[PDB]
$ cat my_file.txt   # compact mmCIF, C-alpha atoms and all ligand atoms
# COMPACT_ATOMS: atom_id res chain seq x y z
CA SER Z 1 -108.45 -95.51 -49.27
CA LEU Z 2 -104.96 -96.98 -49.59
CA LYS Z 3 -102.65 -97.36 -46.58
CA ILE Z 4 -98.85 -97.55 -46.11
CA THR Z 5 -97.59 -100.70 -44.39
CA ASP Z 6 -94.62 -101.50 -42.12
CA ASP Z 7 -92.53 -102.35 -45.15
CA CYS Z 8 -92.09 -98.64 -45.91
CA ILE Z 9 -88.40 -97.69 -46.20
CA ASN Z 10 -89.03 -93.93 -45.68
CA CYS Z 11 -87.68 -93.01 -49.15
CA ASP Z 12 -90.09 -90.00 -49.54
CA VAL Z 13 -90.79 -90.51 -53.26
CA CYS Z 14 -94.58 -90.95 -52.82
CA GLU Z 15 -95.17 -87.76 -50.87
CA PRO Z 16 -94.90 -85.25 -53.74
CA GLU Z 17 -96.97 -87.52 -56.01
CA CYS Z 18 -100.24 -87.30 -54.11
CA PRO Z 19 -102.61 -84.84 -55.82
CA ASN Z 20 -104.55 -84.38 -52.54
CA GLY Z 21 -101.64 -84.16 -50.08
CA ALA Z 22 -102.75 -87.31 -48.31
CA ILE Z 23 -99.24 -88.59 -47.57
CA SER Z 24 -96.91 -87.40 -44.83
CA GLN Z 25 -93.97 -88.78 -42.92
CA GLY Z 26 -94.97 -90.45 -39.61
CA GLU Z 27 -92.90 -91.49 -36.59
CA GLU Z 28 -91.66 -94.81 -38.09
CA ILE Z 29 -93.14 -94.92 -41.63
CA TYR Z 30 -95.09 -92.75 -44.08
CA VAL Z 31 -98.82 -92.37 -43.47
CA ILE Z 32 -101.92 -91.84 -45.58
CA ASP Z 33 -104.76 -89.68 -44.25
CA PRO Z 34 -107.82 -91.63 -45.35
CA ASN Z 35 -109.87 -88.42 -45.48
CA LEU Z 36 -107.68 -87.14 -48.33
CA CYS Z 37 -107.00 -90.43 -50.18
CA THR Z 38 -109.36 -90.83 -53.14
CA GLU Z 39 -107.24 -93.74 -54.50
CA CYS Z 40 -106.50 -90.97 -57.08
CA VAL Z 41 -109.96 -91.19 -58.61
CA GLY Z 42 -110.74 -87.91 -60.34
CA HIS Z 43 -107.03 -87.23 -60.98
CA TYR Z 44 -105.41 -90.43 -62.33
CA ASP Z 45 -106.57 -93.77 -63.71
CA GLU Z 46 -104.28 -95.54 -61.17
CA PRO Z 47 -102.92 -94.55 -57.71
CA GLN Z 48 -99.84 -92.41 -58.36
CA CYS Z 49 -98.12 -93.24 -55.08
CA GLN Z 50 -98.17 -96.98 -55.96
CA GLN Z 51 -96.52 -96.25 -59.29
CA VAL Z 52 -93.37 -94.78 -57.67
CA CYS Z 53 -93.05 -96.81 -54.44
CA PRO Z 54 -89.91 -98.96 -54.60
CA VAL Z 55 -91.20 -101.72 -52.26
CA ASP Z 56 -94.95 -101.86 -53.14
CA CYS Z 57 -96.04 -101.20 -49.54
CA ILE Z 58 -99.19 -99.15 -50.38
CA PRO Z 59 -102.10 -101.58 -50.60
CA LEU Z 60 -105.82 -101.07 -50.39
CA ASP Z 61 -106.81 -100.36 -46.76
CA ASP Z 62 -109.02 -103.19 -45.44
CA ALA Z 63 -110.31 -100.82 -42.75
CA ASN Z 64 -111.41 -98.25 -45.33
CA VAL Z 65 -113.11 -99.99 -48.26
CA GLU Z 66 -114.63 -97.52 -50.70
CA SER Z 67 -116.45 -97.69 -54.04
CA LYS Z 68 -115.57 -95.61 -57.10
CA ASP Z 69 -118.73 -93.58 -56.44
CA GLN Z 70 -117.65 -92.90 -52.86
CA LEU Z 71 -114.12 -91.95 -53.93
CA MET Z 72 -115.36 -89.61 -56.66
CA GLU Z 73 -117.64 -87.93 -54.09
CA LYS Z 74 -114.58 -87.47 -51.86
CA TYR Z 75 -112.68 -86.01 -54.81
CA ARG Z 76 -115.45 -83.46 -55.40
CA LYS Z 77 -115.49 -82.38 -51.77
CA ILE Z 78 -111.73 -82.07 -51.54
CA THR Z 79 -111.32 -80.20 -54.81
CA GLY Z 80 -114.67 -78.36 -55.05
CA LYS Z 81 -114.82 -79.74 -58.59
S1 LIG I 1 -103.86 -93.35 -53.98
FE1 LIG I 1 -103.72 -91.25 -54.89
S2 LIG I 1 -104.96 -89.99 -53.36
FE2 LIG I 1 -104.37 -91.92 -52.27
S3 LIG I 1 -102.39 -91.47 -51.21
FE3 LIG I 1 -101.87 -92.44 -53.21
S4 LIG I 1 -101.47 -90.66 -54.54
FE4 LIG I 1 -102.71 -89.89 -52.79
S1 LIG I 2 -92.70 -94.56 -51.70
FE1 LIG I 2 -93.20 -96.50 -50.57
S2 LIG I 2 -91.23 -96.85 -49.36
FE2 LIG I 2 -91.07 -94.70 -50.16
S3 LIG I 2 -91.86 -93.43 -48.45
FE3 LIG I 2 -93.64 -93.86 -49.82
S4 LIG I 2 -94.66 -95.73 -48.99
FE4 LIG I 2 -92.60 -95.58 -48.03
$ encode --input "my_file.txt" --output "structure tokens" --more "lines below"
Ligand code: SF4
Ligand code: SF4
Amino acid sequence: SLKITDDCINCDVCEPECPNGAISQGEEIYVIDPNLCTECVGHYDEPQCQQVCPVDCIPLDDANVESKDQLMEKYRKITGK
């Protein structure tokens, strides 16, 4: 999964970009739900949130390291596809 760091400026532009609805506004910064973040695999070749973030604060989550096979399995479960 990806995660949103403390550098987030609460600009909102990533939230509508997520195909799985994984992003929401938290108490201090935006937050990714790791159960819905596929790192966009199955939808886009690259994470869509990273492409619009103005401060590049959406890195890989070190606490949630996943393979392409794992992410694609998550995509199938979320989408039924
Ligand atoms: S990487 Fe893709 S699935 Fe994960 S939060 Fe960003 S837009 Fe959503
Ligand atoms: S696009 Fe980047 S700075 Fe803007 S709300 Fe999302 S994570 Fe925060």
$ residues_around --input "my_file.txt" --residues "residue 27 of chain Z" --least-positions-apart "4" --cutoff "12 Å" --atoms "only C-alpha atoms" --output "ChimeraX atom specification"
/Z:6,8,10,31
$ residues_near_ligand --input "my_file.txt" --ligand "ligand LIG 1 (chain I)" --cutoff "12 Å" --atoms "all atoms listed in the file" --output "PDB file with C-alpha atoms, in the frame of the given file"
ATOM      1  CA  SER Z   1    -108.450 -95.510 -49.270  1.00  0.00           C
ATOM      2  CA  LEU Z   2    -104.960 -96.980 -49.590  1.00  0.00           C
ATOM      3  CA  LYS Z   3    -102.650 -97.360 -46.580  1.00  0.00           C
ATOM      4  CA  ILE Z   4     -98.850 -97.550 -46.110  1.00  0.00           C
ATOM      5  CA  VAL Z  13     -90.790 -90.510 -53.260  1.00  0.00           C
ATOM      6  CA  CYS Z  14     -94.580 -90.950 -52.820  1.00  0.00           C
ATOM      7  CA  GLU Z  15     -95.170 -87.760 -50.870  1.00  0.00           C
ATOM      8  CA  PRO Z  16     -94.900 -85.250 -53.740  1.00  0.00           C
ATOM      9  CA  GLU Z  17     -96.970 -87.520 -56.010  1.00  0.00           C
ATOM     10  CA  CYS Z  18    -100.240 -87.300 -54.110  1.00  0.00           C
ATOM     11  CA  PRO Z  19    -102.610 -84.840 -55.820  1.00  0.00           C
ATOM     12  CA  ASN Z  20    -104.550 -84.380 -52.540  1.00  0.00           C
ATOM     13  CA  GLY Z  21    -101.640 -84.160 -50.080  1.00  0.00           C
ATOM     14  CA  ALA Z  22    -102.750 -87.310 -48.310  1.00  0.00           C
ATOM     15  CA  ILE Z  23     -99.240 -88.590 -47.570  1.00  0.00           C
ATOM     16  CA  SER Z  24     -96.910 -87.400 -44.830  1.00  0.00           C
ATOM     17  CA  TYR Z  30     -95.090 -92.750 -44.080  1.00  0.00           C
ATOM     18  CA  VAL Z  31     -98.820 -92.370 -43.470  1.00  0.00           C
ATOM     19  CA  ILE Z  32    -101.920 -91.840 -45.580  1.00  0.00           C
ATOM     20  CA  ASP Z  33    -104.760 -89.680 -44.250  1.00  0.00           C
ATOM     21  CA  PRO Z  34    -107.820 -91.630 -45.350  1.00  0.00           C
ATOM     22  CA  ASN Z  35    -109.870 -88.420 -45.480  1.00  0.00           C
ATOM     23  CA  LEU Z  36    -107.680 -87.140 -48.330  1.00  0.00           C
ATOM     24  CA  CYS Z  37    -107.000 -90.430 -50.180  1.00  0.00           C
ATOM     25  CA  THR Z  38    -109.360 -90.830 -53.140  1.00  0.00           C
ATOM     26  CA  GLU Z  39    -107.240 -93.740 -54.500  1.00  0.00           C
ATOM     27  CA  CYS Z  40    -106.500 -90.970 -57.080  1.00  0.00           C
ATOM     28  CA  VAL Z  41    -109.960 -91.190 -58.610  1.00  0.00           C
ATOM     29  CA  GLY Z  42    -110.740 -87.910 -60.340  1.00  0.00           C
ATOM     30  CA  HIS Z  43    -107.030 -87.230 -60.980  1.00  0.00           C
ATOM     31  CA  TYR Z  44    -105.410 -90.430 -62.330  1.00  0.00           C
ATOM     32  CA  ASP Z  45    -106.570 -93.770 -63.710  1.00  0.00           C
ATOM     33  CA  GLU Z  46    -104.280 -95.540 -61.170  1.00  0.00           C
ATOM     34  CA  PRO Z  47    -102.920 -94.550 -57.710  1.00  0.00           C
ATOM     35  CA  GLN Z  48     -99.840 -92.410 -58.360  1.00  0.00           C
ATOM     36  CA  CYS Z  49     -98.120 -93.240 -55.080  1.00  0.00           C
ATOM     37  CA  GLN Z  50     -98.170 -96.980 -55.960  1.00  0.00           C
ATOM     38  CA  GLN Z  51     -96.520 -96.250 -59.290  1.00  0.00           C
ATOM     39  CA  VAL Z  52     -93.370 -94.780 -57.670  1.00  0.00           C
ATOM     40  CA  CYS Z  53     -93.050 -96.810 -54.440  1.00  0.00           C
ATOM     41  CA  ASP Z  56     -94.950-101.860 -53.140  1.00  0.00           C
ATOM     42  CA  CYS Z  57     -96.040-101.200 -49.540  1.00  0.00           C
ATOM     43  CA  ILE Z  58     -99.190 -99.150 -50.380  1.00  0.00           C
ATOM     44  CA  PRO Z  59    -102.100-101.580 -50.600  1.00  0.00           C
ATOM     45  CA  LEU Z  60    -105.820-101.070 -50.390  1.00  0.00           C
ATOM     46  CA  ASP Z  61    -106.810-100.360 -46.760  1.00  0.00           C
ATOM     47  CA  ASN Z  64    -111.410 -98.250 -45.330  1.00  0.00           C
ATOM     48  CA  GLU Z  66    -114.630 -97.520 -50.700  1.00  0.00           C
ATOM     49  CA  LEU Z  71    -114.120 -91.950 -53.930  1.00  0.00           C
ATOM     50  CA  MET Z  72    -115.360 -89.610 -56.660  1.00  0.00           C
ATOM     51  CA  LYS Z  74    -114.580 -87.470 -51.860  1.00  0.00           C
ATOM     52  CA  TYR Z  75    -112.680 -86.010 -54.810  1.00  0.00           C
ATOM     53  CA  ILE Z  78    -111.730 -82.070 -51.540  1.00  0.00           C
ATOM     54  CA  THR Z  79    -111.320 -80.200 -54.810  1.00  0.00           C
TER      55      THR Z  79
END
$ atom_distance --input "my_file.txt" --atom1 "atom CA of residue 54 of chain Z" --atom2 "atom CA of residue 29 of chain Z"
14.0 Å
$ atom_distance --input "my_file.txt" --atom1 "atom CA of residue 25 of chain Z" --atom2 "atom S1 of ligand LIG 2 (chain I)"
10.6 Å
$ axis_aligned_box --input "my_file.txt" --around "ligand LIG 2 (chain I)" --padding-each-side "5 Å" --output "lines of an AutoDock Vina configuration file"
center_x = -92.9
center_y = -95.1
center_z = -49.9
size_x = 13.6
size_y = 13.4
size_z = 13.7
$ atom_distance --input "my_file.txt" --atom1 "atom CA of residue 26 of chain Z" --atom2 "atom CA of residue 55 of chain Z"
17.4 Å
$ closest_residue --input "my_file.txt" --among "Z:28, Z:12, Z:80, Z:73" --to "ligand LIG 2 (chain I)" --atoms "all atoms listed in the file"
Z:12
$ closest_residue --input "my_file.txt" --among "Z:11, Z:68, Z:81, Z:5" --to "ligand LIG 2 (chain I)" --atoms "only C-alpha atoms and all ligand atoms"
Z:11
